[PDB]
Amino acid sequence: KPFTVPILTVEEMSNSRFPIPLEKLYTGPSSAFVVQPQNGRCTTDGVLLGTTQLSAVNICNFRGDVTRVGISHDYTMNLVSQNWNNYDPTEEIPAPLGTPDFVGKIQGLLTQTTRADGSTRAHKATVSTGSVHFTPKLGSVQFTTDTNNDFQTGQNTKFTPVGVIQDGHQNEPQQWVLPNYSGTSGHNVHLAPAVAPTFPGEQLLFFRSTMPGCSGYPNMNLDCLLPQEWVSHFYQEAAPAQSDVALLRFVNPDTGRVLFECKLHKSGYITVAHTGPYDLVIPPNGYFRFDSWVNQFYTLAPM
């Protein structure tokens, strides 16, 4: 089966690390830090990695029953799956699929239905993924909410993420620092690998969005390695990789002209030939096109 990538434009696609649209493309150095996101990780032949699942609308969502912490405004959620069934902590994944893969305070609404009478409720809520109580691999997380009494026990409860907050400027979130999925009780396991360019003159290419800010002065940049639509495409197509590197051309169909070329690595990330931080300039109808299988030492034309 011939390999392909979607023909969708950047702004027609979704971030694979938070449920927001893609905005732009960015390249920059990343030698000084670890790039190891767990969402938006998929091989070109369709093997999902890390905590990656198939739809953007499930990312950084949580479901389960909740219990109040003491008489405070905090609630513990005993996590269940997307469809309210069991999460198995023994499955060899880092945490439930869709779990946040950055240290930060994510704000949203915690909603609940009482099954007996169909009554419903919603409260502003934040999950601090750097907290010792952020233990999704153990099956629970803790939320700070705007209520100390309105949530009932034994009722289906959902967190819908909206954005991020900060306290103290732009010092958090830390998008490239993974939370400890088991808190202080254990180290992270079964992670999608860290990624880095290996060929001189190359940098990663990032698919960038801006997370909404909900309080304070947060760092709102969020970069993913693959659009969510690419994850779903590769998962479905499962086209065999004929080498370790797929050569893509980013084309302006208005003119047929190639704007730049890049390497899509089989293990699921892109590099470009560039040195330095750069906000790419792309036309609104531009898109990526797979042209040929090449190798790790093929020299890209400068971006």
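In this text, residue numbers run from 1 along the sequence as written. Rigid core here is just the name for the largest C-alpha set that superposes within 1.5 Å across the two forms.
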Response to the item:
The stretch that moves more in 4 other deposited structures of this protein, judged by RMS C-alpha distance from this form after core superposition, 41 to 49 or 24 to 32, is 24 to 32
Practice prompt. Overlaying the structures in 4 other deposited structures of this protein on the rigid core, point out which of 84 to 92 and 134 to 142 has the bigger RMS C-alpha shift.
Written response: 84 to 92
Practice prompt. Using none, 1 to 3, 4 to 9 or 10 or more, say how many deposited residues go missing between residue 168 and residue 169.
Written response: 1 to 3
Worksheet item: Out of 149 to 157 and 181 to 189, which one has CA B-factors that are higher on average in the deposited record?
Response: 149 to 157
Item to complete: State which stretch shows the higher mean Cα B factor in the entry: 281 to 289 or 11 to 19.
Response: 281 to 289
Worksheet item: Which has the highest CA B-factor per the PDB entry: 75, 199, 206, 102?
Response: 199
Worksheet item: Taking the Cα B-factors listed in the entry, which of 253, 268, 28, 37 comes out highest?
Response: 253
Worksheet, complete the sentence: Temperature factor at the Cα of residue 41, chain-ranked in thirds, falls in the lowest
Response to the item:
Chain-relative C-alpha B factor for residue 131 (record values, thirds): the middle
Practice prompt. Can you work out whether the C-alpha temperature factor of residue 90 puts it in the lowest, middle or highest third of the chain?
Written response: highest
Practice prompt. Taking the values exactly as deposited, rank residue 172 by C-alpha B-factor within its chain and report the matching third: lowest, middle or highest.
Written response: middle
Worksheet item: With respect to C-alpha B-factor, does residue 122 fall in the lowest, middle or highest third of the chain as deposited?
Response: middle
